[PDB]
Amino acid sequence: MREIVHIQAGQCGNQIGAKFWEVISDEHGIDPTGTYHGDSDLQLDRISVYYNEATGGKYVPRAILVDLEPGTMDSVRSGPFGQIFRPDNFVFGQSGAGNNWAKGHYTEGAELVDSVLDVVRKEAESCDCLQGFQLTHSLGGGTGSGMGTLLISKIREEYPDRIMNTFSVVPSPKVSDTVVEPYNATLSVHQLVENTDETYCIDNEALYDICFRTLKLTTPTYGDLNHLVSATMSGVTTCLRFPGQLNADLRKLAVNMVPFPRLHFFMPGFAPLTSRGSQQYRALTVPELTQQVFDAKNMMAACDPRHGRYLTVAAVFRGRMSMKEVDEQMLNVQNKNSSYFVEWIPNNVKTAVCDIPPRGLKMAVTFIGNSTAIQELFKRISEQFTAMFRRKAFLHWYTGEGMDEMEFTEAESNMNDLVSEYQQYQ
Amino acid sequence: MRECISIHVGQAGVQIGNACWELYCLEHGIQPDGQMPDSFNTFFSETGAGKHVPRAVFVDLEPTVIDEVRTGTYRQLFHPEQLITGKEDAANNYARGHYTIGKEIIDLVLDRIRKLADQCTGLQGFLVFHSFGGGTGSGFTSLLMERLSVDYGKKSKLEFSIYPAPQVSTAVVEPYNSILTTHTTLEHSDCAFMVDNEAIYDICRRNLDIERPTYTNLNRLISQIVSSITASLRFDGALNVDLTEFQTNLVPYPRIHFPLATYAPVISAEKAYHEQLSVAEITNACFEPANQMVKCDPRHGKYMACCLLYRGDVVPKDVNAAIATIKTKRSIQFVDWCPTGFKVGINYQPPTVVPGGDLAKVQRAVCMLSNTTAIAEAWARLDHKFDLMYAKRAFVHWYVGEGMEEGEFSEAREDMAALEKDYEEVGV
Amino acid sequence: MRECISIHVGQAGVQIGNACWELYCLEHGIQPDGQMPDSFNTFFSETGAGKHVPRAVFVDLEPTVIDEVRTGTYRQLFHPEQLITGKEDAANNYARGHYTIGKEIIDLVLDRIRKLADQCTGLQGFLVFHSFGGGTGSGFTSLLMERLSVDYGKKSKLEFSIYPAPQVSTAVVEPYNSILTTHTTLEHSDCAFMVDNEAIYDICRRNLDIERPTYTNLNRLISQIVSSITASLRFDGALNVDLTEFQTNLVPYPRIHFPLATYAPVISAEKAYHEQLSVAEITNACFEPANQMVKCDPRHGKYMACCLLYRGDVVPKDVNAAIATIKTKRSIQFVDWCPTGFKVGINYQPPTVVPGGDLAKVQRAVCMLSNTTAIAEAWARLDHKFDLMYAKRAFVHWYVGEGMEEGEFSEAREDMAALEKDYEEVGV
Ligand SMILES: Nc1nc2c(ncn2[C@@H]2O[C@H](COP(=O)(O)CP(=O)(O)OP(=O)(O)O)[C@@H](O)[C@H]2O)c(=O)[nH]1
Ligand SMILES: Nc1nc2c(ncn2[C@@H]2O[C@H](COP(=O)(O)OP(=O)(O)OP(=O)(O)O)[C@@H](O)[C@H]2O)c(=O)[nH]1
Ligand SMILES: Nc1nc2c(ncn2[C@@H]2O[C@H](COP(=O)(O)OP(=O)(O)OP(=O)(O)O)[C@@H](O)[C@H]2O)c(=O)[nH]1
Ligand SMILES: [Mg+2]
Ligand SMILES: [Mg+2]
Ligand SMILES: [Mg+2]
């Protein structure tokens, strides 16, 4: 009962999934072959939500892997828990986007999508009652953006009554991978406004910061980042997969943290984050967990949260905790920061508690916030777009796929409007 | 001969209920198996030869909270016909529970209720545990309540509701939920008792000396209170207070039927040795502002009526004295039209204590359910909270999506406002 | 039937009180556990079956001195409801105790007091131990005293205060503290007894033959004196002196209610064998300038009234003779308007002795509480001390910081000055 099939796209998204899946397997106790070796009985009662029980007791991941080139699918098979995945579910093309959303969304992706649109249906049929789809991709390039975007809107025609999650990675100003980020972002966001129910905007610039100072890691890699990001995902859907004193599923969360139709972009956060040095000396108790969580530099979105107010705020705690300890801390925080919470929505807090913790750690906190400080993330992008679009630069790649210069300004306008919605209520 | 049907709605109801059941089991000397190695006839029906099944119905829209009971120690006490389970949850929404999802499950349960209700002969009244702030506990309850007036009507109903706190509350959309669900409560429910978690927490901290409480400590506390209502039925004291009698006593008007509870003494195992528990002291404890179950102010309030229920080692000789003393005091005060305002109950049976319990084993115990103007002020701030939320159409679109028309909100707020003045009118 | 409520304020009060409690326990044959293997009903209430809890309230703004009791031998005698604890200390300041910090703690304690006070039926009067020079013992006491006149008023109060010495004093700002706290003492307190550490020290050295005394030796001494006040209540002698009676006797005017104590005999274990303790000798000992509890001069002073309280082996036949002899002597002298000036009490019960005690086990003992013009001269030098300190605004800024207005000082000094002349007026 209550199943969620997972979708993946892009070079980064796929990688994230690869780690995320592994982590989830570890949490339940699934091995590379698929046979169960775990001891705790409650891992097997909600195994059905993320694993179909196949023949011979070998569980399989309910997933769809998409790409416009075959390069990334090579390393996913050879790595750990690549053998658990079903051969049928891998989808891939021979062309590739080439860091262009125009090629990705119309010409290249629309030929590949019809295979996936048939594959997902089967998955849907398989489970008793599907409650929502998780989606993992990037907005920086053309492959993860153009394909995923194309897909997500066509799901709303067949399944209008289901919740829609999207785990994205938006561009940073300092750590700029590609040149045409402003373009891709500007166009890819447009469709994610009306079609999605919730979106987690992650940024690598913040991740790096988190890594250098807090974890004290001398040589970070993308692997670390993947591990981090996956943790957040694990956190949000913990209440479904395990019992608890106060359970909070996805729909509930959505209802609580999305007050208005067009303002649903969130910012993830994770705690506790401890190095080898801070593992010994940091006293892991609820208050400690709390304070760390609300720090500006501990966020995964590279902004200044204290420029504006949080519209809503929710948290998902794990491991056994006393509720007077838990529920008081939030209140205290609110009291402290009376200038950093919206006044006309009194009592902004939402809490959730799980009995089964992460293996090794005693407690954990996943922070999902909704703020007016997302303006800083978009504003810069808008500016960049303006700078680019003024001289019609890098345009012949997009215009070659049959896109008018008006069609840029149509999405641009929408983006602007969206941005304004935050500054309406700030 | 006498009988009563318990109902449990939402997660909260389920959670509360388990503890209560455990307490009941402890009381009558029944292990989880259901075979005892009379008084218990009310809540337990003896099936064939030595199988005690409870008068119970657990409703929930998730499987998680109900399957917690099916896998635990009390697997043997219930069977799948009693335990009803949905698919899609209420999702902390009134509109999801009442209109969309509520049509399918209620039908299943009504038949079940009938099957349980027609089996027993001496129906005293119903008990319905839920929360106002909860999704299932608001949307389904309202529906359920509406349904129950068709089949029965005059047969009595009670509900022990978890009232939301202004400070320590664990959900954002709670204001809305309360306002809507109180529309059905005024027409249908005969008398609803109200408890606030924040109030409980303070009590847990100060008196019990446990600075790390969780829901399991509150549940236990609640269960004792619940027992103290039904203790008059199941045991034969010198003087008795039935449910109908209680209703007659405590509830004066058609609009007002919202008394609040209190329980004393509640103290640690080490504190029991020093503290000489007298009757007068315990009486006082019920009237203290510190020991109240709701965030309220007895200093501003005036008690119209309040029903004391003693269990353990008590006799009427000093009870009278206690009563007199309270009357004499002017810190406690009543409304002009009610000269005599108490209803006094006694019981020989001592209140039991749970294995590994936070509460100490005591001789005496008290439970006062007071109807008052103190709780009238509690909704004035709720309304304010609600109003602000509504003023800019916050969280409204979700509700609209589930088939809630815009006039519903208008209906529920205005009514609430009207109600707030009623108390004032009565107390002038 | 009879009852009395003890209060302990500040560190000094706590420290004194423990010894007293111990003494009491010794008297009635009660180990620290609180179960005895009647007379004791006054100070101890029997909880349930064999648990004797004291009539007590310890106030302190630090945790250190109160947690000393909680960890020691008498952990079993008290429970955390009786023992109140602050956070920030008085810091040897009157202004910190009364205005800033005093609002929060007093509230907690008043309720507690009520709970204790309403439990007992025969309230004789209150006892309040503190020091004038102490921070908590001045600022809180004044507040507390003020509070207690609202709830009770006519019900009697006593306080055994540690008066500051002109020579041997262990704090710099003591002068200020005394002057302020005496403003509340004149209006509220019915009769306050005064003891000086320096005086005690001399006694300890000369008579007990222990040249290395610490507070524990003084505390014990004090406790005996305290007992000698309350010994008339708890035991049935041939003639009795209740607290009200004492008040009636010793205190003549509204302004003057400051008698001073004295205790005899106090001698070593080896000295008891040689020294034949006669009645006359012990009587004399109370009137000697060497054995007085305050730094004063009986040669300059005149006794208006003084209440003798004998316990042990005494009969009235030689008591009368003793009384006569003193009257006959002219070294001791009285005021013209009082021809008969004694109040004489007797008790059969001998005064007990503590395990490993400095005092010897004796048959007889005496305690004279004398109202006199000798103590009038004691504040003349205090005033001088105070005045100099004030003259250049020394230590004033701290006080100002805590919310003390400048006119307060003016009020307290002038009043004191006025009072000094009253004695003179009376004695002319
Ligand atoms: N957290 C991680 N972020 C990554 C990783 N690899 C890339 N990135 C970030 O994502 C951005 C690039 O995303 P993609 O390579 O998936 C662009 P896309 O696949 O949609 O198009 P093509 O690369 O043309 O196929 C870039 O700004 C990086 O900062 C990774 O392994 N982990
Ligand atoms: N005293 C007490 N209160 C509880 C308990 N569980 C939940 N609550 C309160 O009830 C509210 C949440 O309601 P739930 O019962 O979880 O909601 P629901 O009606 O089951 O709806 P869903 O959660 O969507 O199924 C919160 O405000 C909690 O404070 C409990 O065990 N004891
Ligand atoms: N006889 C006697 N005097 C004491 C004792 N303890 C303190 N004193 C005297 O009391 C004065 C100090 O007062 P404290 O009681 O320490 O002060 P306080 O009122 O507790 O205020 P804080 O110390 O700030 O909490 C000094 O002048 C001491 O001589 C004791 O055990 N016996
Ligand atoms: Mg790629
Ligand atoms: Mg629930
Ligand atoms: Mg001190």
# chains A, B, ... in the order shown; residues from 1 in each chain; ligands from 1
>>> interface_residues(of="chain A", to="chain B", cutoff="9 Å", atoms="only C-alpha atoms", output="VMD selection string")
chain A and resid 1 to 2 46 129 131 240 242 to 261 312 to 314 321 to 325 327 to 328 330 to 331 344 to 352
>>> write_last_selection(atoms="C-alpha atoms", output="PDB file, in the first residue's frame")
ATOM      1  CA  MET A   1       0.000   0.000   0.000  1.00  0.00           C
ATOM      2  CA  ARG A   2       1.077   3.588  -0.850  1.00  0.00           C
ATOM      3  CA  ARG A  46       6.829  -1.127   4.722  1.00  0.00           C
ATOM      4  CA  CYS A 129      -2.228   2.470  -5.055  1.00  0.00           C
ATOM      5  CA  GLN A 131       0.575   8.101  -4.209  1.00  0.00           C
ATOM      6  CA  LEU A 240       6.155   6.163   5.151  1.00  0.00           C
ATOM      7  CA  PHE A 242       8.908   3.250   9.236  1.00  0.00           C
ATOM      8  CA  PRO A 243       6.464   3.648  12.168  1.00  0.00           C
ATOM      9  CA  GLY A 244       6.536   6.657  14.527  1.00  0.00           C
ATOM     10  CA  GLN A 245       4.965   8.515  17.456  1.00  0.00           C
ATOM     11  CA  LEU A 246       3.911  11.373  15.143  1.00  0.00           C
ATOM     12  CA  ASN A 247       3.943  10.363  11.452  1.00  0.00           C
ATOM     13  CA  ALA A 248       4.022  12.893   8.588  1.00  0.00           C
ATOM     14  CA  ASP A 249       3.759  11.702   4.945  1.00  0.00           C
ATOM     15  CA  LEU A 250       4.394  13.742   1.760  1.00  0.00           C
ATOM     16  CA  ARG A 251       0.862  14.997   1.159  1.00  0.00           C
ATOM     17  CA  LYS A 252       0.590  16.359   4.699  1.00  0.00           C
ATOM     18  CA  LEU A 253       3.907  18.168   4.294  1.00  0.00           C
ATOM     19  CA  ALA A 254       2.756  19.644   0.989  1.00  0.00           C
ATOM     20  CA  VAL A 255      -0.470  20.869   2.572  1.00  0.00           C
ATOM     21  CA  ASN A 256       1.413  22.451   5.472  1.00  0.00           C
ATOM     22  CA  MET A 257       4.302  24.197   3.677  1.00  0.00           C
ATOM     23  CA  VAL A 258       2.600  25.367   0.427  1.00  0.00           C
ATOM     24  CA  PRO A 259       0.196  28.202   1.399  1.00  0.00           C
ATOM     25  CA  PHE A 260      -0.277  29.683  -2.108  1.00  0.00           C
ATOM     26  CA  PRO A 261      -0.521  28.086  -5.605  1.00  0.00           C
ATOM     27  CA  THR A 312       6.410  28.272   6.678  1.00  0.00           C
ATOM     28  CA  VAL A 313       8.806  25.830   8.368  1.00  0.00           C
ATOM     29  CA  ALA A 314       8.786  22.039   8.854  1.00  0.00           C
ATOM     30  CA  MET A 321      12.929  11.832  21.487  1.00  0.00           C
ATOM     31  CA  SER A 322      10.943  13.400  24.330  1.00  0.00           C
ATOM     32  CA  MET A 323       8.229  15.631  22.829  1.00  0.00           C
ATOM     33  CA  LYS A 324       8.389  18.443  25.418  1.00  0.00           C
ATOM     34  CA  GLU A 325      12.108  18.687  24.537  1.00  0.00           C
ATOM     35  CA  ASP A 327       8.253  20.942  20.604  1.00  0.00           C
ATOM     36  CA  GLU A 328       9.672  23.574  22.987  1.00  0.00           C
ATOM     37  CA  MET A 330      11.061  25.295  17.929  1.00  0.00           C
ATOM     38  CA  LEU A 331       8.908  27.648  19.997  1.00  0.00           C
ATOM     39  CA  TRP A 344       0.166  37.182   9.703  1.00  0.00           C
ATOM     40  CA  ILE A 345       0.669  33.384   9.646  1.00  0.00           C
ATOM     41  CA  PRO A 346       1.206  32.839  13.412  1.00  0.00           C
ATOM     42  CA  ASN A 347       2.605  29.452  14.485  1.00  0.00           C
ATOM     43  CA  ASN A 348       4.754  28.570  11.436  1.00  0.00           C
ATOM     44  CA  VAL A 349       6.206  25.319  12.833  1.00  0.00           C
ATOM     45  CA  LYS A 350       5.584  21.738  11.655  1.00  0.00           C
ATOM     46  CA  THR A 351       7.260  18.731  13.341  1.00  0.00           C
ATOM     47  CA  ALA A 352       7.477  14.990  12.601  1.00  0.00           C
TER      48      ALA A 352
END
>>> closest_atom_pairs(of="chain A", to="ligand 4", cutoff="6 Å", atoms="only C-alpha atoms and all ligand atoms", output="tab-separated table")
residue	atom	partner	partner_atom_place_in_ligand_line	distance
A:10	CA	ligand 4	1 (Mg)	5.0
A:11	CA	ligand 4	1 (Mg)	4.3
A:143	CA	ligand 4	1 (Mg)	5.6
>>> write_last_selection(atoms="N, CA and C atoms", output="CSV table (one decimal), in the first residue's frame")
chain,number,residue,atom,x,y,z
A,10,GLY,N,19.5,13.1,-16.4
A,10,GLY,CA,20.7,13.9,-16.4
A,10,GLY,C,21.9,13.2,-15.8
A,11,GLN,N,23.1,13.7,-16.1
A,11,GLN,CA,24.4,13.2,-15.6
A,11,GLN,C,24.5,13.2,-14.1
A,143,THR,N,20.0,18.0,-21.0
A,143,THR,CA,19.6,16.6,-21.0
A,143,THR,C,18.6,16.3,-19.9
>>> atom_distance(atom1="atom CA of residue 313 of chain B", atom2="atom CA of residue 349 of chain B")
8.1 Å
>>> select_by_dssp(residues="segment 82-222 of chain C", states="strand (DSSP E)", output="VMD selection string")
chain C and resid 122 to 131 156 to 163 191 to 196
>>> closest_residue(among="B:133, B:312, B:37, B:341", to="ligand 2", atoms="only C-alpha atoms and all ligand atoms")
B:133
>>> interface_residues(of="chain C", to="chain B", cutoff="12 Å", atoms="only C-alpha atoms", output="PyMOL selection string")
chain C and resi 33-35+44-55+75-82+108+111-112+114-120
>>> write_last_selection(atoms="C-alpha atoms", output="CSV table (one decimal), in the first residue's frame")
chain,number,residue,atom,x,y,z
C,33,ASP,CA,14.7,8.2,58.1
C,34,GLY,CA,11.6,9.9,59.7
C,35,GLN,CA,10.1,6.8,61.3
C,44,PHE,CA,6.2,17.1,63.0
C,45,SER,CA,3.1,15.9,61.1
C,46,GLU,CA,2.7,12.1,60.8
C,47,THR,CA,2.2,11.2,57.1
C,48,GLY,CA,0.2,8.0,56.6
C,49,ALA,CA,2.0,5.6,59.0
C,50,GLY,CA,5.4,6.5,60.4
C,51,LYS,CA,6.8,9.4,58.4
C,52,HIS,CA,7.5,12.6,60.3
C,53,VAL,CA,7.9,15.7,58.0
C,54,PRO,CA,8.9,19.0,59.6
C,55,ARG,CA,6.9,22.3,59.5
C,75,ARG,CA,18.1,13.7,52.6
C,76,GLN,CA,15.2,11.5,53.9
C,77,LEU,CA,13.7,14.2,56.2
C,78,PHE,CA,12.7,16.7,53.5
C,79,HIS,CA,11.3,16.6,49.9
C,80,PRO,CA,11.9,19.1,47.0
C,81,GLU,CA,8.6,20.8,47.4
C,82,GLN,CA,9.7,22.1,50.8
C,108,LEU,CA,6.2,30.2,44.6
C,111,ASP,CA,1.4,29.0,48.0
C,112,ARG,CA,3.6,26.5,49.6
C,114,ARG,CA,-0.5,28.2,52.6
C,115,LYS,CA,-0.5,24.5,51.8
C,116,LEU,CA,1.5,23.9,55.0
C,117,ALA,CA,-0.4,26.5,57.1
C,118,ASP,CA,-3.9,25.3,56.2
C,119,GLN,CA,-3.0,21.7,56.9
C,120,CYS,CA,-2.4,22.4,60.6
>>> select_by_dssp(residues="segment 287-372 of chain A", states="helix (DSSP H, G or I)", output="JSON, numbers by chain")
{"A": [287, 288, 289, 290, 291, 292, 293, 305, 306, 307, 323, 324, 325, 326, 327, 328, 329, 330, 331, 332, 333, 334, 335, 336]}
>>> write_last_selection(atoms="N, CA and C atoms", output="mmCIF file, in the first residue's frame")
data_model
loop_
_atom_site.group_PDB
_atom_site.id
_atom_site.type_symbol
_atom_site.label_atom_id
_atom_site.label_comp_id
_atom_site.auth_asym_id
_atom_site.auth_seq_id
_atom_site.Cartn_x
_atom_site.Cartn_y
_atom_site.Cartn_z
ATOM 1 N N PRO A 287 18.346 20.332 21.638
ATOM 2 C CA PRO A 287 18.588 21.759 21.540
ATOM 3 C C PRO A 287 19.744 22.051 20.594
ATOM 4 N N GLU A 288 20.807 21.268 20.757
ATOM 5 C CA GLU A 288 22.014 21.399 19.937
ATOM 6 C C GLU A 288 21.668 21.220 18.461
ATOM 7 N N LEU A 289 20.886 20.177 18.210
ATOM 8 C CA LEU A 289 20.438 19.830 16.854
ATOM 9 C C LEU A 289 19.677 21.005 16.237
ATOM 10 N N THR A 290 18.776 21.551 17.040
ATOM 11 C CA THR A 290 17.936 22.677 16.638
ATOM 12 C C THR A 290 18.755 23.867 16.171
ATOM 13 N N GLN A 291 19.637 24.341 17.055
ATOM 14 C CA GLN A 291 20.338 25.618 16.841
ATOM 15 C C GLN A 291 21.147 25.556 15.554
ATOM 16 N N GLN A 292 21.843 24.433 15.377
ATOM 17 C CA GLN A 292 22.674 24.208 14.193
ATOM 18 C C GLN A 292 21.823 24.300 12.924
ATOM 19 N N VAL A 293 20.672 23.639 12.986
ATOM 20 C CA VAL A 293 19.724 23.607 11.878
ATOM 21 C C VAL A 293 19.364 24.991 11.337
ATOM 22 N N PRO A 305 19.474 33.580 4.116
ATOM 23 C CA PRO A 305 18.094 33.413 4.603
ATOM 24 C C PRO A 305 17.564 34.554 5.487
ATOM 25 N N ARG A 306 18.462 35.256 6.183
ATOM 26 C CA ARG A 306 18.079 36.316 7.125
ATOM 27 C C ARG A 306 17.740 37.677 6.488
ATOM 28 N N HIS A 307 17.850 37.799 5.161
ATOM 29 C CA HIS A 307 17.331 38.981 4.448
ATOM 30 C C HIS A 307 15.807 39.109 4.554
ATOM 31 N N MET A 323 8.974 14.648 23.624
ATOM 32 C CA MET A 323 8.229 15.631 22.829
ATOM 33 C C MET A 323 8.230 17.036 23.425
ATOM 34 N N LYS A 324 8.242 17.140 24.755
ATOM 35 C CA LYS A 324 8.389 18.443 25.418
ATOM 36 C C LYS A 324 9.757 19.068 25.123
ATOM 37 N N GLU A 325 10.784 18.231 24.976
ATOM 38 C CA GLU A 325 12.108 18.687 24.537
ATOM 39 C C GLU A 325 12.052 19.167 23.081
ATOM 40 N N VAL A 326 11.424 18.367 22.220
ATOM 41 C CA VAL A 326 11.321 18.660 20.781
ATOM 42 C C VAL A 326 10.474 19.902 20.482
ATOM 43 N N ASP A 327 9.231 19.899 20.955
ATOM 44 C CA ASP A 327 8.253 20.942 20.604
ATOM 45 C C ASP A 327 8.553 22.321 21.212
ATOM 46 N N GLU A 328 9.323 22.347 22.300
ATOM 47 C CA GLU A 328 9.672 23.574 22.987
ATOM 48 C C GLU A 328 10.745 24.320 22.221
ATOM 49 N N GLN A 329 11.722 23.578 21.684
ATOM 50 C CA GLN A 329 12.893 24.165 21.060
ATOM 51 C C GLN A 329 12.487 25.083 19.912
ATOM 52 N N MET A 330 11.576 24.565 19.095
ATOM 53 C CA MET A 330 11.061 25.295 17.929
ATOM 54 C C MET A 330 10.429 26.612 18.373
ATOM 55 N N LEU A 331 9.615 26.499 19.419
ATOM 56 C CA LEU A 331 8.908 27.648 19.997
ATOM 57 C C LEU A 331 9.908 28.709 20.442
ATOM 58 N N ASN A 332 10.937 28.236 21.132
ATOM 59 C CA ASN A 332 12.010 29.089 21.653
ATOM 60 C C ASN A 332 12.671 29.853 20.510
ATOM 61 N N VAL A 333 12.970 29.102 19.456
ATOM 62 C CA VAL A 333 13.616 29.643 18.254
ATOM 63 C C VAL A 333 12.762 30.760 17.661
ATOM 64 N N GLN A 334 11.472 30.468 17.563
ATOM 65 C CA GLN A 334 10.484 31.403 17.017
ATOM 66 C C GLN A 334 10.491 32.702 17.824
ATOM 67 N N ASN A 335 10.480 32.525 19.139
ATOM 68 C CA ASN A 335 10.482 33.642 20.087
ATOM 69 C C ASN A 335 11.710 34.519 19.865
ATOM 70 N N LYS A 336 12.847 33.846 19.733
ATOM 71 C CA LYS A 336 14.136 34.505 19.509
ATOM 72 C C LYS A 336 14.092 35.345 18.242
#
>>> atom_distance(atom1="atom 30 (C, counted along the ligand's line) of ligand 2", atom2="atom CA of residue 282 of chain B")
26.7 Å
>>> atom_distance(atom1="atom CA of residue 97 of chain C", atom2="atom 29 (O, counted along the ligand's line) of ligand 3")
18.1 Å
>>> residues_around(residues="residue 185 of chain A", least_positions_apart="4", cutoff="9 Å", atoms="only C-alpha atoms", output="PyMOL selection string")
chain A and resi 101+139-141+145+170-171+180-181+189-190+381
>>> write_last_selection(atoms="C-alpha atoms", output="PDB file, in the first residue's frame")
ATOM      1  CA  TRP A 101      17.277  22.928 -23.600  1.00  0.00           C
ATOM      2  CA  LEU A 139      18.356  22.588 -14.661  1.00  0.00           C
ATOM      3  CA  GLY A 140      21.911  23.612 -15.704  1.00  0.00           C
ATOM      4  CA  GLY A 141      22.244  21.572 -18.908  1.00  0.00           C
ATOM      5  CA  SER A 145      16.259  19.702 -17.884  1.00  0.00           C
ATOM      6  CA  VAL A 170      20.087  25.138  -9.899  1.00  0.00           C
ATOM      7  CA  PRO A 171      23.194  27.065 -11.106  1.00  0.00           C
ATOM      8  CA  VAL A 180      24.441  29.077 -21.118  1.00  0.00           C
ATOM      9  CA  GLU A 181      23.055  28.446 -17.590  1.00  0.00           C
ATOM     10  CA  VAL A 189      11.806  26.903 -14.594  1.00  0.00           C
ATOM     11  CA  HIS A 190       8.754  28.169 -16.578  1.00  0.00           C
ATOM     12  CA  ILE A 381      19.861  34.431 -12.813  1.00  0.00           C
TER      13      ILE A 381
END
>>> closest_residue(among="C:279, C:307, C:101, C:225", to="residue 241 of chain C", atoms="only C-alpha atoms")
C:307
